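Below is one structure, written out as structure tokens; comments come after it.
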Amino acid sequence: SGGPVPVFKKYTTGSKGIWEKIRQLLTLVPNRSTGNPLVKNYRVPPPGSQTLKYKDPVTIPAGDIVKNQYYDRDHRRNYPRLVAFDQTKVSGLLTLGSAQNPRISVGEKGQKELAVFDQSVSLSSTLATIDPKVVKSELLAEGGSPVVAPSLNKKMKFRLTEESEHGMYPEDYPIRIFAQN
Amino acid sequence: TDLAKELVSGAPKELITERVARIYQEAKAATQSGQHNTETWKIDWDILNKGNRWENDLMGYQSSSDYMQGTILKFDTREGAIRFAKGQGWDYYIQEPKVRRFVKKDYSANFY
Amino acid sequence: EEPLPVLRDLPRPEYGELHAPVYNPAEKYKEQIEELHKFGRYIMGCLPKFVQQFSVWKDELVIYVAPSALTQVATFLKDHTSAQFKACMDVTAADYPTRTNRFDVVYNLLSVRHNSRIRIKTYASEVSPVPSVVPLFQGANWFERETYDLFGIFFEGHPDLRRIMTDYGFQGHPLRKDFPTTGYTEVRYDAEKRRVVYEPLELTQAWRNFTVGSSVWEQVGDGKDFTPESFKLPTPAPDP
Amino acid sequence: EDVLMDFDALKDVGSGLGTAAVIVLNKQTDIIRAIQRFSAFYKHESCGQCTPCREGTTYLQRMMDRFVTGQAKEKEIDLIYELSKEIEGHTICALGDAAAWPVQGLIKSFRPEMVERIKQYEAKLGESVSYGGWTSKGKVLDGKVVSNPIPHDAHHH
Amino acid sequence: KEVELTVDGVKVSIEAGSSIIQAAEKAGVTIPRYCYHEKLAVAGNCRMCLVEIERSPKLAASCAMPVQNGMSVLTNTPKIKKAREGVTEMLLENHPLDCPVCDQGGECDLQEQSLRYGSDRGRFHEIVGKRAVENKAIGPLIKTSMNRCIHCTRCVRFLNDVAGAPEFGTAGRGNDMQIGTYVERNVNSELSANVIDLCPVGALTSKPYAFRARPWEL
Amino acid sequence: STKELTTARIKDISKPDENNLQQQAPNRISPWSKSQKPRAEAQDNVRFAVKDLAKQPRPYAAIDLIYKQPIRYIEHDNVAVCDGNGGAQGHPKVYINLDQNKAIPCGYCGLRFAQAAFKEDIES
Ligand code: SF4
Ligand code: SF4
Ligand code: SF4
Ligand code: FES
Ligand SMILES: [K+]
Ligand SMILES: [Zn+2]
């Protein structure tokens with residue numbers, strides 16, 4: 001956790017000998033670092049004088065010579081097509097059901113019905129004349145309940161912590177720290 | 001459409017009086033065999049009879065006083081371009097693209 | 001009081017060949033696609049008089065309404081408990097001169113309630129006014145002030161509409177496609193007049209249009225179908 | 001063991017009775033060099049108009065010569081198999097199909113032999129060879145590949 | 001006369017005897033090609049226009065296969081896209097790394113089709129090296145860098161048939177096939193320089209225009 | 001003179017002098033491009049009226065330097081491979097064909113490669 005750390009465990013220059021004892025006797029919080037980085041540790045091999053020979057990293061499926069056809073991993077051309085649902089298609093889905101839950105006849109009798117919603121069908125009329133169970137089953141939810149706005153993050157929850165856990169300002173300060181839960 | 005919409009655009013008067021725009025569809029390039037840049041209609045302005053480009057004396061740049069030299073508009077229907085040109089009150093002229101004439105091509109024709 | 005480790009010298013993990021799964025990034029939005037589709041339809045059913053159409057892309061739901069349907073749909077999405085979009089984040093536009101109404105005014109609403117975002121699209125022409133949402137959302141005062149400055153859209157009902165970005169007495173609305181990127185004029189300090197004066201534009205190096213060398217081949221295909229299997233009209237099966 | 005000379009019975013086991021030039025060998029020979037010689041034959045005899053066989057038959061030839069000396073990598077054994085599939089079905093005349101089948105024949109039935117050849121060369125040379133044959137120190141100096149085993153196996157001539 | 005066919009679900013009505021690629025180009029489906037030009041005789045050697053026909057195992061050169069009636073033509077099967085990347089991986093096996101110094105840089109069909117239809121990685125690290133050819137001198141107007149030729153015969157078909165200059169042809173066999181004039185002689189036609197536009201790659205470029213501009217500037 | 005100082009030549013005529021400020025480069029008199037502006041005309045300008053022409057940048061002309069290199073000669077192979085003698089810090093690897101009886105320069109580096117068997121005729 002983020003508990004206080006002894007000063008000699010931080011990479012900054014610190015006093016030694018008699019001055020260390022003076023520094024601990026006079027400072028308010030003896031484990032506060034001066035902030036001057038250790039000359040012998042900080043950036044000691046400069047970025048231009050390293051020893052690591054860099055190698056280009058390549059994950060196997062997308063960098064392999066084999067089993068690596070580009071059309072498998074060509075996601076830029078598998079983008080979701082843009083589909084706009086007008087009132088007419090909503091009516092057609094509402095009256096005829098969906099592809100998963102068909103409510104359309106078969107053969108030429110069905111092909112008659114689909115062609116009905118192949119041209120303009122205002123949705124105001126469709127709701128006026130249809131089974132009230134359809135709205136409770138298709139349009140609304142859970143037996144007539146409304147459709148709440150969907151959440152971008154179903155795992156977004158919060159909970160209240162206390163200073164013994166979040167380490168920040170005590171209870172008197174006018175802010176509260178929220179965890180995940 | 002019918003309104004003199006240019007009176008609200010704040011554009012300088014010279015685009016109405018002194019410049020000529022062109023409505024055209026870009027032609028297919030001889031070098032490459034692609035046929036995609038020739039499917040959208042574009043509007044470009046004619047160059048100026050003087051002061052379109054002149055050599056900067058110091059560094060040899062290409063100075064210009066034409067503020068429409070790097071302005072090309074894009075459309076997807078020919079009518080939208082003409083309607084938009086009409087709305088602004090532009091003195092345009094349309095360049096009808098050429099249409100390639102169909103000729104059937106057969107592998108066997110090399111001997112027959 | 002042990003001496004500090006030299007983090008340069010401490011051992012590092014060894015890896016052989018790395019493996020990372022390849023899968024379509026658009027798949028992980030699948031659950032979000034259905035729920036926006038349901039909630040998009042819900043708004044249309046509640047207000048068939050206004051919602052022309054609705055569209056879903058990944059995790060973004062758009063509602064397309066007329067200019068005369070703006071205040072109604074905005075109010076519904078603000079006050080309805082199922083969709084409490086109290087916060088309006090963005091008001092903007094876009095210029096498509098090919099269409100009869102070039103300007104396309106877009107609103108983004110945020111629901112801190114249910115952790116959702118919705119988008120309203122409403123068109124406009126150069127002279128046709130659009131209702132102002134300032135009476136509903138006070139945060140649109142400056143977003144509408146900016147759209148007029150850069151698109152010239154008439155906003156009906158705005159308490160104080162004026163230039164916010166461009167100079168005072170600036171002629172023309174910059175983000176319209178017909179407005180050249182370098183504008184029409186430029187300023188300099190004139191010795192005779194003892195003041196900074198405007199002069200017509202004259203570039204020492206004319207802008208170079210490298211955009212002509214664009215691709216002559218179509219670069220991205222027709223796309224892929226990701227509609228939920230509960231929002232497609234069923235195919236009438238053949239008879240015996 | 002039960003091979004019966006037919007236009008199709010030999011086809012079931014992947015081969016065929018094309019010109020009935022039945023060849024019988026013994027275990028005291030290296031089939032890698034024998035198949036390599038067929039690859040250098042179809043290359044030298046391909047007319048050279050279709051792209052897959054004008055170039056791909058050179059792709060096979062440039063790789064079997066590294067196979068016959070074992071200067072390759074173990075995964076490159078199945079790399080050349082993917083090459084042979086890129087040739088078949090794309091050419092005008094059946095010479096392209098006839099240049100890829102012998103490559104599959106070596107891989108299909110004599111796979112461990114190619115691996116042993118590569119494992120020999122690792123021990124024989126002492127330093128493992130990367131993709132394409134490049135040793136750790138192989139580079140280009142004043143216009144020639146240096147510090148690397150160059151396979152002058154293109155008939156020299 | 002016209003035969004009604006569908007290409008990827010798009011109904012096509014063309015004159016009978018036409019090739020598949022013209023039918024596809026009328027339906028809007030784009031079929032990549034190098035060796036097919038709409039003013040030249042049909043050769044079927046570049047093998048890039050391959051499609052799949054419903055009643056066949058064998059891929060069809062859509063630039064050569066004449067159209068049928070009721071035929072179903074596929075162009076976007078995973079089988080086809082595998083073929084397009086295979087062919088692309090073959091043309092670039094011997095192609096030089098010349099794009100920076102190549103006058104065809106921003107307008108080369110071997111670049112745009114490879115970008116669109118080929119893979120994004122190359123699998124050729126061979127130690128023997130690529131094929132090298134000597135540049136042939138055929139006059140003061142055509143600058144030849146024959147390392148870059150993809151052996152598509154547009155130059156040969158144009159000069160023989162359209163231009164009427166039979167001194168240009170393919171000399172050699174297989175991996176040593178060398179477009180040119182065999183002996184050293186200049187190409188003599190008033191229309192000889194149109195070959196510069198037909199050559200899809202930097203093999204034949206303008207000599208007066210050499211090294212002076214890139215196509216995105218103009 | 002102003003005859004060599006204003007026209008480009010493949011090779012100069014007189015020996016270049018480093019102190020002559022009118023030369024195109026300190027190691028070359030005449031320009032090396034048809035469209036390169038001569039240095040004599042470039043500095044005959046008002047902006048140079050009160051300058052010190054000896055301190056203006058005068059990099060050594062690269063055309064004269066590159067022809068001071070020897071020709072690489074390849075042994076029993078007609079194809080040279082060049083990569084800029086730096087690998088990942090050079091130019092892309094390009095293969096040069098040496099069938100013709102001449103020294104073919106590299107497209108990027110400008111190094112000239114030939115065959116050993118052709119050296120005697122080339123060195124004539
Ligand atoms: S497949 Fe046949 S026709 Fe095509 S290049 Fe090879 S040998 Fe010639
Ligand atoms: S022809 Fe095209 S692919 Fe080949 S070097 Fe030139 S630009 Fe590159
Ligand atoms: S030189 Fe050009 S036009 Fe002629 S075959 Fe080669 S790529 Fe085609
Ligand atoms: S375009 Fe058909 S094979 Fe070349
Ligand atoms: K060319
Ligand atoms: Zn070089």
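Naming works like this for the structure tokens: A, B, ... for the chains as they're shown, residue 1 at the start of each chain, ligands 1 onward in shown order.
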
10 Å shell around ligand 1 using only C-alpha atoms and all ligand atoms, listed as a JSON list (two decimals) with N, CA and C atoms, in the first residue's frame:
[["chain", "number", "residue", "atom", "x", "y", "z"],
["D", 42, "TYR", "N", 11.66, -28.09, -63.78],
["D", 42, "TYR", "CA", 10.45, -27.35, -64.14],
["D", 42, "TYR", "C", 10.71, -25.86, -64.24],
["D", 43, "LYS", "N", 11.60, -25.33, -63.41],
["D", 43, "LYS", "CA", 12.00, -23.94, -63.55],
["D", 43, "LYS", "C", 12.62, -23.69, -64.92],
["D", 44, "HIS", "N", 13.61, -24.50, -65.29],
["D", 44, "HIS", "CA", 14.33, -24.30, -66.54],
["D", 44, "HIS", "C", 13.48, -24.59, -67.76],
["D", 45, "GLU", "N", 12.33, -25.24, -67.59],
["D", 45, "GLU", "CA", 11.50, -25.61, -68.72],
["D", 45, "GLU", "C", 10.17, -24.90, -68.77],
["D", 46, "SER", "N", 9.78, -24.20, -67.72],
["D", 46, "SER", "CA", 8.53, -23.45, -67.75],
["D", 46, "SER", "C", 8.62, -22.37, -68.80],
["D", 47, "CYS", "N", 7.57, -22.24, -69.61],
["D", 47, "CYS", "CA", 7.61, -21.28, -70.70],
["D", 47, "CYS", "C", 7.77, -19.87, -70.18],
["D", 48, "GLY", "N", 7.02, -19.52, -69.13],
["D", 48, "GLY", "CA", 7.22, -18.26, -68.45],
["D", 48, "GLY", "C", 6.31, -17.13, -68.87],
["D", 49, "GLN", "N", 5.00, -17.39, -68.98],
["D", 49, "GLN", "CA", 4.05, -16.33, -69.25],
["D", 49, "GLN", "C", 3.10, -16.07, -68.08],
["D", 50, "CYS", "N", 2.55, -17.10, -67.45],
["D", 50, "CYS", "CA", 1.73, -16.86, -66.27],
["D", 50, "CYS", "C", 2.61, -16.44, -65.10],
["D", 51, "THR", "N", 2.12, -15.49, -64.32],
["D", 51, "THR", "CA", 2.86, -15.02, -63.16],
["D", 51, "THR", "C", 3.15, -16.12, -62.14],
["D", 52, "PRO", "N", 2.20, -16.99, -61.76],
["D", 52, "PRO", "CA", 2.52, -17.96, -60.70],
["D", 52, "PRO", "C", 3.67, -18.89, -61.03],
["D", 53, "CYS", "N", 3.80, -19.34, -62.27],
["D", 53, "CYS", "CA", 4.85, -20.30, -62.60],
["D", 53, "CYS", "C", 6.10, -19.65, -63.16],
["D", 54, "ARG", "N", 5.99, -18.46, -63.76],
["D", 54, "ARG", "CA", 7.20, -17.75, -64.16],
["D", 54, "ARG", "C", 8.06, -17.44, -62.95],
["D", 55, "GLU", "N", 7.44, -16.99, -61.86],
["D", 55, "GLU", "CA", 8.14, -16.58, -60.65],
["D", 55, "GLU", "C", 8.13, -17.65, -59.56],
["D", 56, "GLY", "N", 6.98, -18.28, -59.32],
["D", 56, "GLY", "CA", 6.89, -19.24, -58.23],
["D", 56, "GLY", "C", 7.79, -20.44, -58.42],
["D", 57, "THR", "N", 7.97, -20.88, -59.66],
["D", 57, "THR", "CA", 8.91, -21.97, -59.91],
["D", 57, "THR", "C", 10.34, -21.56, -59.61],
["D", 87, "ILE", "N", 0.52, -21.55, -56.24],
["D", 87, "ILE", "CA", 0.78, -21.72, -57.66],
["D", 87, "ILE", "C", -0.32, -22.52, -58.34],
["D", 88, "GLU", "N", -0.73, -23.63, -57.73],
["D", 88, "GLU", "CA", -1.72, -24.50, -58.35],
["D", 88, "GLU", "C", -3.04, -23.79, -58.54],
["D", 89, "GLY", "N", -3.67, -24.03, -59.68],
["D", 89, "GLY", "CA", -4.97, -23.46, -59.97],
["D", 89, "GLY", "C", -4.95, -22.05, -60.49],
["D", 90, "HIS", "N", -3.79, -21.42, -60.59],
["D", 90, "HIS", "CA", -3.69, -20.04, -61.05],
["D", 90, "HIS", "C", -3.02, -19.90, -62.41],
["D", 91, "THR", "N", -2.47, -20.98, -62.96],
["D", 91, "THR", "CA", -1.72, -20.93, -64.20],
["D", 91, "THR", "C", -2.60, -21.35, -65.37],
["D", 92, "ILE", "N", -2.15, -21.01, -66.57],
["D", 92, "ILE", "CA", -2.89, -21.38, -67.78],
["D", 92, "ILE", "C", -2.73, -22.86, -68.07],
["D", 93, "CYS", "N", -1.49, -23.31, -68.24],
["D", 93, "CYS", "CA", -1.19, -24.69, -68.56],
["D", 93, "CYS", "C", -0.79, -25.44, -67.30],
["D", 94, "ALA", "N", -0.91, -26.75, -67.37],
["D", 94, "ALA", "CA", -0.68, -27.62, -66.23],
["D", 94, "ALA", "C", 0.76, -27.75, -65.86],
["D", 95, "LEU", "N", 1.71, -26.99, -66.41],
["D", 95, "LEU", "CA", 3.08, -27.10, -65.93],
["D", 95, "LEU", "C", 3.21, -26.57, -64.52],
["D", 96, "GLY", "N", 2.42, -25.55, -64.16],
["D", 96, "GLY", "CA", 2.47, -25.04, -62.81],
["D", 96, "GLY", "C", 2.02, -26.05, -61.78],
["D", 97, "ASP", "N", 0.97, -26.81, -62.10],
["D", 97, "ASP", "CA", 0.53, -27.87, -61.20],
["D", 97, "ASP", "C", 1.59, -28.96, -61.10],
["D", 98, "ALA", "N", 2.33, -29.20, -62.19],
["D", 98, "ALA", "CA", 3.35, -30.24, -62.19],
["D", 98, "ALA", "C", 4.62, -29.80, -61.49],
["D", 99, "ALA", "N", 4.79, -28.51, -61.23],
["D", 99, "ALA", "CA", 5.98, -28.05, -60.53],
["D", 99, "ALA", "C", 5.79, -27.99, -59.02],
["E", 44, "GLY", "N", -3.98, -13.55, -71.14],
["E", 44, "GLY", "CA", -4.43, -13.95, -69.83],
["E", 44, "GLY", "C", -3.32, -14.41, -68.92],
["E", 45, "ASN", "N", -2.19, -13.71, -68.91],
["E", 45, "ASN", "CA", -0.99, -14.22, -68.27],
["E", 45, "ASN", "C", -0.71, -13.64, -66.88],
["E", 46, "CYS", "N", -1.22, -12.46, -66.56],
["E", 46, "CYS", "CA", -0.88, -11.88, -65.26],
["E", 46, "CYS", "C", -1.59, -12.58, -64.11],
["E", 47, "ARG", "N", -2.71, -13.25, -64.38],
["E", 47, "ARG", "CA", -3.40, -14.11, -63.41],
["E", 47, "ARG", "C", -3.81, -13.37, -62.15],
["E", 173, "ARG", "N", 13.06, -17.20, -72.44],
["E", 173, "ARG", "CA", 12.15, -18.20, -71.91],
["E", 173, "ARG", "C", 12.17, -18.22, -70.40],
["E", 174, "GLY", "N", 10.99, -18.31, -69.80],
["E", 174, "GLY", "CA", 10.87, -18.51, -68.37],
["E", 174, "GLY", "C", 11.44, -17.35, -67.58],
["E", 175, "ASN", "N", 12.25, -17.69, -66.58],
["E", 175, "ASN", "CA", 12.81, -16.70, -65.67],
["E", 175, "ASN", "C", 13.76, -15.74, -66.36]]

Please identify all protein, DNA and RNA residues within 10 Å of ligand 5, counting only C-alpha atoms and all ligand atoms, and report them as an NGL selection string. (:B and (30-32)) or (:E and (102-105 or 107-109 or 142-144 or 148-149 or 194-206))

Kindly compile the residues surrounding ligand 6 within 6 Å, counting only C-alpha atoms and all ligand atoms, and format them as a PDB file with N, CA and C atoms, in the first residue's frame.
ATOM      1  N   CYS F  82      24.049  -4.060 -53.644  1.00  0.00           N
ATOM      2  CA  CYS F  82      24.495  -2.890 -52.905  1.00  0.00           C
ATOM      3  C   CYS F  82      23.432  -2.482 -51.899  1.00  0.00           C
ATOM      4  N   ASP F  83      23.876  -2.028 -50.725  1.00  0.00           N
ATOM      5  CA  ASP F  83      22.945  -1.636 -49.675  1.00  0.00           C
ATOM      6  C   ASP F  83      23.409  -0.398 -48.922  1.00  0.00           C
ATOM      7  N   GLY F  84      24.373   0.340 -49.453  1.00  0.00           N
ATOM      8  CA  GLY F  84      24.834   1.545 -48.801  1.00  0.00           C
ATOM      9  C   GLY F  84      25.890   1.344 -47.744  1.00  0.00           C
ATOM     10  N   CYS F 106      25.128   2.345 -58.933  1.00  0.00           N
ATOM     11  CA  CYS F 106      23.997   2.050 -58.065  1.00  0.00           C
ATOM     12  C   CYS F 106      23.010   3.209 -58.061  1.00  0.00           C
ATOM     13  N   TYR F 108      21.043   4.455 -55.771  1.00  0.00           N
ATOM     14  CA  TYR F 108      21.068   5.317 -54.599  1.00  0.00           C
ATOM     15  C   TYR F 108      22.467   5.850 -54.306  1.00  0.00           C
ATOM     16  N   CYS F 109      23.429   4.954 -54.065  1.00  0.00           N
ATOM     17  CA  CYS F 109      24.755   5.377 -53.618  1.00  0.00           C
ATOM     18  C   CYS F 109      25.505   6.132 -54.702  1.00  0.00           C
TER      19      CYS F 109
END

Could you go through segment 1-74 of chain E and tell me which residues DSSP, when run on the backbone, assigns to strand (DSSP E), listing them as an mmCIF file with C-alpha atoms, in the first residue's frame?
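Writing done, so here's states-v1.cif:
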data_model
loop_
_atom_site.group_PDB
_atom_site.id
_atom_site.type_symbol
_atom_site.label_atom_id
_atom_site.label_comp_id
_atom_site.auth_asym_id
_atom_site.auth_seq_id
_atom_site.Cartn_x
_atom_site.Cartn_y
_atom_site.Cartn_z
ATOM 1 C CA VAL E 3 -27.166 -12.707 -71.634
ATOM 2 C CA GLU E 4 -28.429 -11.850 -68.160
ATOM 3 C CA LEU E 5 -26.007 -12.809 -65.392
ATOM 4 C CA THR E 6 -25.437 -11.864 -61.767
ATOM 5 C CA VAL E 7 -22.073 -10.875 -60.294
ATOM 6 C CA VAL E 10 -25.879 -7.570 -58.979
ATOM 7 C CA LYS E 11 -27.782 -8.284 -62.183
ATOM 8 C CA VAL E 12 -25.679 -7.694 -65.295
ATOM 9 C CA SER E 13 -26.909 -7.143 -68.857
ATOM 10 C CA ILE E 14 -24.089 -7.028 -71.419
ATOM 11 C CA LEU E 50 -9.131 -14.610 -61.158
ATOM 12 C CA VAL E 51 -12.731 -15.198 -60.058
ATOM 13 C CA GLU E 52 -14.773 -18.228 -59.032
ATOM 14 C CA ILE E 53 -17.636 -19.579 -61.137
ATOM 15 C CA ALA E 60 -11.474 -18.198 -64.231
ATOM 16 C CA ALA E 61 -9.397 -15.466 -65.835
ATOM 17 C CA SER E 72 -23.168 -17.069 -61.110
ATOM 18 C CA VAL E 73 -19.820 -15.300 -60.677
ATOM 19 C CA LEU E 74 -18.112 -14.849 -57.313
#

Please identify every residue of chain B that has at least one atom no more than 8 Å from any atom of chain C, counting only C-alpha atoms, and report them as a PDB file with C-alpha atoms, in the first residue's frame.
ATOM      1  CA  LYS B   5     -28.067  33.162 -50.849  1.00  0.00           C
ATOM      2  CA  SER B   9     -22.361  34.156 -47.208  1.00  0.00           C
ATOM      3  CA  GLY B  10     -20.137  37.197 -46.740  1.00  0.00           C
ATOM      4  CA  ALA B  11     -18.004  36.141 -49.696  1.00  0.00           C
ATOM      5  CA  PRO B  12     -16.222  38.935 -51.586  1.00  0.00           C
ATOM      6  CA  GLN B  32      -3.328   4.230 -63.891  1.00  0.00           C
ATOM      7  CA  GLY B  34      -8.341   2.806 -61.554  1.00  0.00           C
ATOM      8  CA  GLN B  35     -11.825   4.242 -62.017  1.00  0.00           C
ATOM      9  CA  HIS B  36     -12.745   5.715 -58.636  1.00  0.00           C
ATOM     10  CA  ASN B  37     -11.607   9.343 -58.783  1.00  0.00           C
ATOM     11  CA  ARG B  53       1.602  32.378 -59.937  1.00  0.00           C
ATOM     12  CA  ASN B  56       9.337  34.863 -55.435  1.00  0.00           C
ATOM     13  CA  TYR B  61       8.782  30.205 -54.197  1.00  0.00           C
ATOM     14  CA  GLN B  62       5.461  30.294 -56.053  1.00  0.00           C
ATOM     15  CA  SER B  63       3.671  33.410 -54.846  1.00  0.00           C
ATOM     16  CA  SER B  64       0.017  33.918 -55.642  1.00  0.00           C
ATOM     17  CA  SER B  65      -2.813  36.356 -55.036  1.00  0.00           C
ATOM     18  CA  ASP B  66      -5.532  33.880 -56.051  1.00  0.00           C
ATOM     19  CA  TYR B  67      -7.314  32.869 -52.855  1.00  0.00           C
ATOM     20  CA  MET B  68      -9.243  30.119 -54.670  1.00  0.00           C
ATOM     21  CA  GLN B  69      -6.241  28.281 -56.124  1.00  0.00           C
ATOM     22  CA  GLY B  70      -6.419  25.476 -53.574  1.00  0.00           C
ATOM     23  CA  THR B  71     -10.198  25.194 -53.258  1.00  0.00           C
ATOM     24  CA  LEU B  73     -15.382  21.106 -53.839  1.00  0.00           C
ATOM     25  CA  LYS B  74     -16.820  17.595 -53.939  1.00  0.00           C
ATOM     26  CA  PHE B  75     -20.317  16.356 -54.731  1.00  0.00           C
ATOM     27  CA  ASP B  76     -22.044  13.050 -55.361  1.00  0.00           C
ATOM     28  CA  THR B  77     -24.774  14.113 -57.797  1.00  0.00           C
ATOM     29  CA  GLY B  80     -26.343  19.112 -56.337  1.00  0.00           C
ATOM     30  CA  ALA B  81     -23.316  20.815 -57.862  1.00  0.00           C
ATOM     31  CA  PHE B  84     -25.181  24.783 -55.204  1.00  0.00           C
TER      32      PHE B  84
END

Find the residues around residue 116 of chain F up to 10 Å (only C-alpha atoms counted), leave out those fewer than 6 positions away in its own chain, and share them as number ranges by chain. F: 71-78, 122

Need the shell around residue 108 of chain C: protein/DNA/RNA residues with any atom at most 8 Å away, counting only C-alpha atoms. Skip same-chain ones fewer than 6 positions apart. Format as a VMD selection string? chain C and resid 88 to 91 117 to 120

Just the selected residues (N, CA, C and O atoms), exported as an mmCIF file, in the first residue's frame, please.
data_model
loop_
_atom_site.group_PDB
_atom_site.id
_atom_site.type_symbol
_atom_site.label_atom_id
_atom_site.label_comp_id
_atom_site.auth_asym_id
_atom_site.auth_seq_id
_atom_site.Cartn_x
_atom_site.Cartn_y
_atom_site.Cartn_z
ATOM 1 N N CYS C 88 -25.910 18.264 -21.952
ATOM 2 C CA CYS C 88 -25.629 18.388 -23.376
ATOM 3 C C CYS C 88 -24.161 18.738 -23.545
ATOM 4 O O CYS C 88 -23.718 19.796 -23.089
ATOM 5 N N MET C 89 -23.412 17.861 -24.205
ATOM 6 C CA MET C 89 -21.974 18.059 -24.281
ATOM 7 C C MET C 89 -21.551 18.867 -25.499
ATOM 8 O O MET C 89 -20.709 19.760 -25.379
ATOM 9 N N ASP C 90 -22.112 18.594 -26.671
ATOM 10 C CA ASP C 90 -21.628 19.231 -27.883
ATOM 11 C C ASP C 90 -22.785 19.648 -28.774
ATOM 12 O O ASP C 90 -23.769 18.920 -28.915
ATOM 13 N N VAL C 91 -22.656 20.831 -29.366
ATOM 14 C CA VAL C 91 -23.524 21.303 -30.437
ATOM 15 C C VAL C 91 -22.621 21.759 -31.571
ATOM 16 O O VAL C 91 -21.774 22.636 -31.377
ATOM 17 N N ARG C 117 -24.855 7.823 -23.665
ATOM 18 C CA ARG C 117 -24.743 8.966 -24.554
ATOM 19 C C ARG C 117 -25.662 8.751 -25.738
ATOM 20 O O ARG C 117 -25.724 7.650 -26.290
ATOM 21 N N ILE C 118 -26.376 9.800 -26.124
ATOM 22 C CA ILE C 118 -27.246 9.761 -27.287
ATOM 23 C C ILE C 118 -26.886 10.932 -28.183
ATOM 24 O O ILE C 118 -26.346 11.946 -27.730
ATOM 25 N N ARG C 119 -27.183 10.785 -29.467
ATOM 26 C CA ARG C 119 -26.863 11.792 -30.463
ATOM 27 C C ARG C 119 -28.133 12.173 -31.204
ATOM 28 O O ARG C 119 -28.890 11.299 -31.631
ATOM 29 N N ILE C 120 -28.368 13.471 -31.351
ATOM 30 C CA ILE C 120 -29.468 13.989 -32.152
ATOM 31 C C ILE C 120 -28.880 14.633 -33.395
ATOM 32 O O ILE C 120 -27.975 15.467 -33.297
#

Check: which chain F residues lie within 9 Å of chain E using only C-alpha atoms, as a PyMOL selection string: chain F and resi 79+81+92-100+107-108

Quick check, in Å to one decimal: how far apart do atom CA of residue 34 of chain F and atom CA of residue 58 of chain B lie?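 Separating atom CA of residue 34 of chain F from atom CA of residue 58 of chain B is a distance of 20.4 Å.
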
Residues of chain D within 9 Å of chain A, counting only C-alpha atoms, what are they? List them as a PyMOL selection string. chain D and resi 75-76+78-79+82

Written file, previous selection with C-alpha atoms, as an mmCIF file, in the first residue's frame:
data_model
loop_
_atom_site.group_PDB
_atom_site.id
_atom_site.type_symbol
_atom_site.label_atom_id
_atom_site.label_comp_id
_atom_site.auth_asym_id
_atom_site.auth_seq_id
_atom_site.Cartn_x
_atom_site.Cartn_y
_atom_site.Cartn_z
ATOM 1 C CA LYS D 75 9.287 -23.704 -39.890
ATOM 2 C CA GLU D 76 10.468 -22.777 -43.398
ATOM 3 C CA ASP D 78 6.007 -25.638 -44.163
ATOM 4 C CA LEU D 79 6.575 -22.175 -45.623
ATOM 5 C CA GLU D 82 2.227 -22.669 -48.596
#

Using only C-alpha atoms and a cut-off of 12 Å, which residues of chain B sit close to chain E? Please list them as number ranges by chain. B: 29-36, 39, 100-112

Residue among C:162, C:78, C:8, C:193 lying closest to chain A, counting only C-alpha atoms: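 Nearest candidate to chain A out of C:162, C:78, C:8, C:193: C:8.
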
Up to 7 Å from chain C, what residues of chain A turn up? Count only C-alpha atoms and give them as a PyMOL selection string. chain A and resi 8-9+41+58-61+73+75+77-87+93+97-100+102+104-107+110-111+123-124+139-140+146-152

For residue 93 of chain B, work out the shell of residues within 12 Å, counting only C-alpha atoms and skipping chain neighbours fewer than 2 positions away, then give it as a list in words. residues 19, 20, 21, 22, 23, 24, 43, 44, 45, 46, 81, 82, 85, 86, 90, 91, 95 and 96 of chain B

Skipping near chain neighbours, those fewer than 6 positions away, what residues fall within 12 Å of residue 14 of chain F using only C-alpha atoms, listed as a PyMOL selection string? chain F and resi 1+3-5+23+27-30

How close does chain D get to chain F? List, as CSV, each residue of chain D within 7 Å, its nearest atom pair and the distance in Å to one decimal, counting only C-alpha atoms.
residue,atom,partner,partner_atom,distance
D:140,CA,F:85,CA,6.7
D:141,CA,F:85,CA,6.3
D:142,CA,F:72,CA,6.5
D:143,CA,F:81,CA,4.9
D:144,CA,F:81,CA,5.7

Keeping C-alpha atoms for every residue in the selection just given, could you write it to a file as an mmCIF file, in the first residue's frame?
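Below is the file out_4.cif, written as the result:
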data_model
loop_
_atom_site.group_PDB
_atom_site.id
_atom_site.type_symbol
_atom_site.label_atom_id
_atom_site.label_comp_id
_atom_site.auth_asym_id
_atom_site.auth_seq_id
_atom_site.Cartn_x
_atom_site.Cartn_y
_atom_site.Cartn_z
ATOM 1 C CA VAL D 140 27.108 -6.767 -47.991
ATOM 2 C CA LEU D 141 30.607 -5.340 -48.523
ATOM 3 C CA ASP D 142 31.555 -3.395 -51.660
ATOM 4 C CA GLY D 143 28.902 -5.213 -53.653
ATOM 5 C CA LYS D 144 28.905 -8.847 -52.549
#
